[PDB]
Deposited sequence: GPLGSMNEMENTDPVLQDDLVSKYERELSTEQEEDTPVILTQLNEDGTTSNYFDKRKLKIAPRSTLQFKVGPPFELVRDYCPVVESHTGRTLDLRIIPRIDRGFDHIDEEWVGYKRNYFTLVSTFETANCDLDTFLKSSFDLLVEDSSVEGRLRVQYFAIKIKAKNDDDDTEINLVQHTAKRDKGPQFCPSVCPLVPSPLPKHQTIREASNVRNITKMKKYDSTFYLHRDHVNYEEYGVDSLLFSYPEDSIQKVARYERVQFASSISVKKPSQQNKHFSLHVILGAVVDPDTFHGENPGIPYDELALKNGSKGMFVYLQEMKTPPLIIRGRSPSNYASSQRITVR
């Protein structure tokens, strides 16, 4: 009924089929590590301004809620939240040096303003994009939005337990204790240590995330989860690391920039999950039906 796997940090992931077993909404059993991600490809090279050294980049993503491993499939529920977190790392550059440096795209050099992550959902069989929606904790009593592009600086990915612990914090004292895990406050650095051209100072806002945390995410309510044959559709979640540049023939999305003008999110690397099954609202997907 419950299959248990040990996570990297010693917590457990407890996989169960909601067709057979109903567990409380806030049970720790709802938190579990989802499918592993795989490299799709690398795109535009990034080099340091003077040294010319190529920046080695790696997305570090994890799903922490919403997916179960059931008979060799990864299964989510349309009605329910998932959590997808990601950082990135730069194997050949420590953070403190990285923030003081400047970087160009090798396309022919475009200056990188900042690094960012976005997520997408796709039909894994035909590459069609599928809309994602997010809620606040207030859900229907608050706004709905689509996942946004998240400026980030490189950081290790927090342990599964840390994401759990930080999922619904309001208390100021606890917020302070997790602050350094999730944010860099540029307004707190010594500005005298940085050149005008430094990467840190081309980030759009003073509060800079170290971790992209997409919580309370769902596939759009209008998604069809079955093919016409009644076979399950296969979906995939994608994480894309990009460099944002000033647009003043390679893969990129347009981006509503800080100063209002046109911006360019130039793809650097992309990872995705293996195929995912999503169970719809049908009564037969729930243990209540039995």
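Student: Missing CA coverage against the deposited sequence, listed in sequence order.
Tutor: Deposited residues absent from the model fall in 1 to 37, 145 to 150, 292 to 298, 341 to 345.
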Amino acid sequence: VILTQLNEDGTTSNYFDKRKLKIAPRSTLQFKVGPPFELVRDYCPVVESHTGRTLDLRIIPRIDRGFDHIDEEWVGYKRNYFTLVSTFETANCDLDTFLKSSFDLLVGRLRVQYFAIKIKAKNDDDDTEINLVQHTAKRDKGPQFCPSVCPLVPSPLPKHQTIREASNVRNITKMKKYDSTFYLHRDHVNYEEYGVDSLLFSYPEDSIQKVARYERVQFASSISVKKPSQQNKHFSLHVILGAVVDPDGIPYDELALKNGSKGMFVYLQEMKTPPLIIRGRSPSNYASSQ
From here on, numbers count along this sequence of modelled residues.
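Student: Should the higher mean CA B-factor in the entry be assigned to 77 to 85 or to 214 to 222?
Tutor: In the deposited entry, the stretch with the higher C-alpha B-factor mean is 214 to 222.
Student: Test of understanding: from the entry's C-alpha B-factors, which stretch has the higher mean, 269 to 277 or 18 to 26?
Tutor: Mean B over CA atoms: larger for 18 to 26.
Student: Quick one: which of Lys176, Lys120, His185, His160 shows the highest Cα temperature factor in the PDB entry?
Tutor: Among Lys176, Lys120, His185, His160, the highest C-alpha B-factor in the entry belongs to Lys176.
Student: Checking the record values for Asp68, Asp42, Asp64, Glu254, which has the greatest CA B factor?
Tutor: In this record, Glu254 carries the highest C-alpha B-factor of the candidates.
Student: If you rank the chain by CA B-factor, which third does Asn171 end up in: lowest, middle or highest?
Tutor: Ranked within chain, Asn171 CA B lands in the highest tercile.
Student: Name the third of the chain's ranked CA B-factors that contains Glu192, choosing lowest, middle or highest.
Tutor: For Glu192, the deposited C-alpha B-factor lands in the lowest third.
Student: Relative to the other modelled residues of the same chain, rank the CA B-factor of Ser49 and answer lowest, middle or highest third.
Tutor: For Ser49, the deposited C-alpha B-factor lands in the highest third.
Student: Among all modelled residues of this chain, ranked by Cα B factor, put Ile60 in the bottom, middle or top third, i.e. lowest, middle or highest.
Tutor: Lowest third - that is where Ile60 ends up once the chain's C-alpha B-factors are sorted.
Student: Hey, what third does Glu129 fall into on Cα B-factor, ranked over its chain?
Tutor: Middle third by C-alpha B-factor.
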